[PDB]
Amino acid sequence: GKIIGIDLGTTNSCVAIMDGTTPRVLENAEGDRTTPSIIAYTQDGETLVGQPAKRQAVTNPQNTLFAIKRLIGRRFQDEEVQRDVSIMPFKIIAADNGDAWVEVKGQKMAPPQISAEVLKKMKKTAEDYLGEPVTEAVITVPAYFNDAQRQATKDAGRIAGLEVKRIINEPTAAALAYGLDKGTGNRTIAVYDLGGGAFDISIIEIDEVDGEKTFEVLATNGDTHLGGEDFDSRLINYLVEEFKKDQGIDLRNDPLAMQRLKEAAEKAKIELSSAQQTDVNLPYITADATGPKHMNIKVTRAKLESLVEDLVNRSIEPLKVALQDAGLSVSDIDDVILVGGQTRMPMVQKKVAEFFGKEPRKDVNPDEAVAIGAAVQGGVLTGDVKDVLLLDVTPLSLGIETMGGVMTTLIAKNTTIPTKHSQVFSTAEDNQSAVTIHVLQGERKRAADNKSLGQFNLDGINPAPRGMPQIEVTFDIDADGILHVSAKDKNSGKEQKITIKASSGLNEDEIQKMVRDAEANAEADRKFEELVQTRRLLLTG
Ligand SMILES: Nc1ncnc2c1ncn2[C@@H]1O[C@H](COP(=O)(O)OP(=O)(O)OP(=O)(O)O)[C@@H](O)[C@H]1O
Ligand SMILES: [Mg+2]
């Protein structure tokens with residue numbers, strides 16, 4: 001029946017549901033509206049999830065899994081995974097197929113199996129509230145997730161016993177949450193998302209026309225090196241160096257001490273969003289030949305700000321890029337929305353307010369907006385939420401080059417995504433053994449006047465006269481906006497394919513110029529195409 005919305009976070013997860021017109025964030029059994037994305041396998045053979053796992057992490061470093069979102073859908077040889085292997089206290093391994101897996105108590109486990117434990121806890125939280133079984137869910141992912149990362153997140157949902165009705169990206173979710181407020185129509189917003197695992201900025205248009213409120217992503221980009229875990233690392237390094245200065249001991253080779261220090265550092269960071277100073281007090285942190293040793297280090301907000309200032313400042317250039325990619329000025333941004341617990345740092349809030357020249361909206365909850373928006377999307381699917389449309393359409397026509405230097409369109413401009421279209425082409429010359437698939441974007445009929453998106457060859461064509469071979473070309477744009485182009489020789493069975501990433505933005509100013517350019521050249525483009533036609537469309541070598 002009902003469709004729950006789940007924010008599956010690097011650090012914390014959250015589940016919400018539509019209660020008629022208003023979404024409700026649901027509390028787990030401890031009373032908490034968020035649940036740590038932490039999974040622990042205990043000595044006695046049971047699996048802990050959430051705060052119970054978090055509480056015993058410091059004593060069970062090998063078998064307490066966290067930050068698995070950094071691994072989900074990734075290959076073991078991925079740079080981020082290799083970077084992750086050294087710092088993580090649990091064992092990260094290569095699966096037989098090369099994926100990044102984990103090993104706990106001799107058991108090899110794929111990331112989706114681990115994240116499924118967190119999603120199952122979100123599901124029971126909802127089932128407890130509703131008093132009925134729950135199986136339909138909208139699950140969110142970062143806007144920077146690729147196909148493999150999205151697919152692995154869907155698999156995690158299914159392993160949790162959920163029907164994954166939709167995946168949507170976290171900034172769009174936040175925008176749906178904000179867009180519930182009154183007076184939010186026909187505005188451009190900036191979603192500044194500083195979570196545990198990454199920084200992400202999205203520019204989203206919320207328009208209201210003929211009673212329908214539409215949500216469209218105009219630009220997005222992210223940086224996984226600017227997340228709250230990186231803030232923690234700066235403070236941890238400071239505490240390590242300070243303890244060496246104070247007592248001549250380097251804690252880095254002591255895993256138990258480093259786990260306690262990581263937890264204390266994060267708590268000190270959080271406290272310094274409220275206070276001007278805090279005390280990191282860790283008794284019996286280690287010992288040497290002269291007995292036990294104890295840590296007591298005062299950290300001021302000014303010191304923390306000095307340690308992470310570069311991280312905060314590195315979030316500004318991604319903002320400038322997103323605005324360039326949307327073709328907008330800061331003066332076009334009508335509201336700024338902060339998402340993510342790391343945006344509660346006063347320094348972050350001031351830097352964002354300074355850049356946009358306006359205070360971020362304070363009626364958006366940075367810890368819950370993503371889950372709320374996922375629940376809104378669920379309400380759209382059931383009909384509980386009316387007059388709301390997530391708008392994702394192609395900005396420009398997409399096609400391939402055919403004989404005579406012509407652009408042949410496979411997907412027309414303004415086609416709703418996801419979409420799939422195929423057309424059969426043939427060879428231009430007798431006994432042609434290969435064709436070149438040149439993928440093009442734009443509105444002109446001359447292939448050379450459009451943008452080239454990539455190209456690949458299909459060879460192995462059996463000898464035959466021109467026009468006889470049947471080459472099926474398929475364009476498929478998936479829900480992640482990624483364009484998949486394939487060419488298949490129907491008589492030989494051979495196929496080749498490429499993947500084309502989504503554009504980082506949609507610049508309507510420039511798109512409309514291109515459209516007007518094409519309209520201004522419409523008759524000239526027709527005459528060009530017509531006498532090329534005087535020679536099933538054909539492909540050259
Ligand atoms: N009051 C605070 N001040 C500063 N940092 C905070 C505060 N509260 C939480 N954090 C930090 O925010 C981060 C967690 O934020 P959040 O729960 O939004 O992440 P997430 O959604 O799980 O991550 P992602 O979006 O990367 O999947 C952690 O680094 C945590 O230490
Ligand atoms: Mg998040």
Side-chain angles (χ1 to χ4, degrees), residues 9-12 67 70 80 83-84 86-87 142 144 171 190-203 220-246 251-252 258 261-280 295-324 330 333 336-362 364 366-367:
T10 300
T11 307
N12 303 292
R70 297 194 177 292
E80 277 97 349
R83 181 158 165 160
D84 208 48
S86 59
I87 58 176
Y144 61 81
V191 181
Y192 181 104
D193 190 346
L194 196 60
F199 170 66
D200 205 87
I201 174 63
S202 302
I203 306 305
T220 193
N221 70 73
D223 187 341
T224 62
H225 304 147
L226 298 186
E229 292 182 330
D230 296 287
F231 285 63
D232 294 350
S233 176
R234 301 290 188 95
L235 183 55
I236 293 166
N237 292 342
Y238 171 76
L239 297 171
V240 166
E241 286 311 311
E242 194 70 14
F243 198 72
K244 190 170 188 287
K245 270 156 134 185
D246 294 349
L251 291 170
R252 278 174 292 200
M258 289 306 302
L261 191 53
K262 173 177 180 290
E263 181 176 22
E266 189 181 0
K267 290 179 160 162
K269 178 189 75 177
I270 289 167
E271 191 163 300
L272 287 170
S273 291
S274 178
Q276 291 292 330
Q277 51 158 340
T278 189
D279 188 57
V280 177
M295 174 181 288
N296 194 306
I297 298 171
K298 185 178 73 181
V299 183
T300 64
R301 181 185 296 188
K303 171 59 71 168
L304 175 66
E305 284 168 349
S306 181
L307 292 168
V308 305
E309 167 167 26
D310 287 340
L311 291 175
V312 173
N313 287 341
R314 283 160 65 185
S315 78
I316 302 299
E317 183 64 31
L319 308 185
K320 296 182 175 181
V321 171
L323 290 170
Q324 297 300 314
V330 293
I333 302 303
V336 183
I337 306 302
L338 296 174
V339 180
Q342 188 60 77
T343 71
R344 294 183 180 283
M345 184 189 190
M347 178 167 74
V348 170
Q349 290 185 4
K350 291 177 183 52
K351 197 76 181 183
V352 172
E354 279 166 10
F355 181 86
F356 288 102
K358 50 180 65 197
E359 293 296 334
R361 289 278 298 246
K362 288 207 174 165
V364 174
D367 306 293

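What's counted below: heavy atoms across the whole structure, side chains too, no hydrogens, waters or symmetry copies. Along the sequence shown, residues carry numbers from 1.
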Can you find a heavy atom in the side chain of [X] that is under 4.5 Å from one in the side chain of [Y]?
{"X": "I333", "Y": "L323", "result": "yes"}
{"X": "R344", "Y": "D367", "result": "yes"}
{"X": "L311", "Y": "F199", "result": "no"}
{"X": "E242", "Y": "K303", "result": "no"}

* Give the C-alpha distance, both sets of side-chain angles, the deciding distance and a yes or no for side-chain contact (heavy atoms from CB on, under 4.5 Å) between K358 and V330. => CA-CA 10 Å; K358 50 180 65 197; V330 293; over 6 Å; no

Check for a donor-acceptor pair, side chain of [X] on one end and backbone N or O of [Y] on the other, with a separation under 3.5 Å.
{"X": "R234", "Y": "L307", "result": "yes"}
{"X": "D193", "Y": "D200", "result": "no"}
{"X": "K351", "Y": "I316", "result": "no"}
{"X": "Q349", "Y": "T343", "result": "yes"}
{"X": "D84", "Y": "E80", "result": "no"}

* Do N296 and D279 pass the side-chain contact (heavy atoms from CB on, under 4.5 Å) test, and can you show the C-alpha distance, the side-chain angles, and the key distance before you say yes or no? -> CA-CA 7 Å; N296 194 306; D279 188 57; 2.6 Å; yes

Closest heavy-atom pair and its distance - [X], [Y]:
{"X": "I236", "Y": "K262", "answer": "CD1-CA, 3.8 Å"}
{"X": "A265", "Y": "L239", "answer": "CB-CD1, 4.0 Å"}
{"X": "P360", "Y": "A353", "answer": "CD-CB, 4.1 Å"}
{"X": "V280", "Y": "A268", "answer": "CG2-CB, 3.8 Å"}
{"X": "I201", "Y": "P318", "answer": "CG2-O, 3.7 Å"}

* Asked: side-chain contact (heavy atoms from CB on, under 4.5 Å) between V308 and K269: does it pass, once the steps are laid out?
  -> CA-CA 11 Å; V308 305; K269 178 189 75 177; over 6 Å; no

* N-O pairing of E271 and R301 below 4.0 Å ->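 So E271 does not pair with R301 through a salt bridge.
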
* Does a salt bridge link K267 with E263, judged by any charged N lying under 4.0 Å from a carboxylate O? ->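 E263 and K267: salt-bridged.
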
What's the separation between atom [atom1] in [X] and atom [atom2] in [Y], rounded to the nearest 0.5 Å?
{"X": "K350", "Y": "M345", "atom1": "NZ", "atom2": "CE", "value": "9.5 Å"}
{"X": "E229", "Y": "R70", "atom1": "CD", "atom2": "CZ", "value": "4.5 Å"}
{"X": "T220", "Y": "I203", "atom1": "OG1", "atom2": "CD1", "value": "8.5 Å"}
{"X": "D230", "Y": "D310", "atom1": "CG", "atom2": "CG", "value": "12.5 Å"}
{"X": "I297", "Y": "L235", "atom1": "CD1", "atom2": "CG", "value": "9.0 Å"}
{"X": "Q342", "Y": "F231", "atom1": "CD", "atom2": "CZ", "value": "4.5 Å"}

* Before giving the answer on side-chain hydrogen bond (donor to acceptor under 3.5 Å, both in side chains), spell out for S315 and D223 the whole-Å C-alpha distance, their side-chain angles and the decisive distance to 0.1 Å. => CA-CA 8 Å; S315 78; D223 187 341; over 6 Å; no

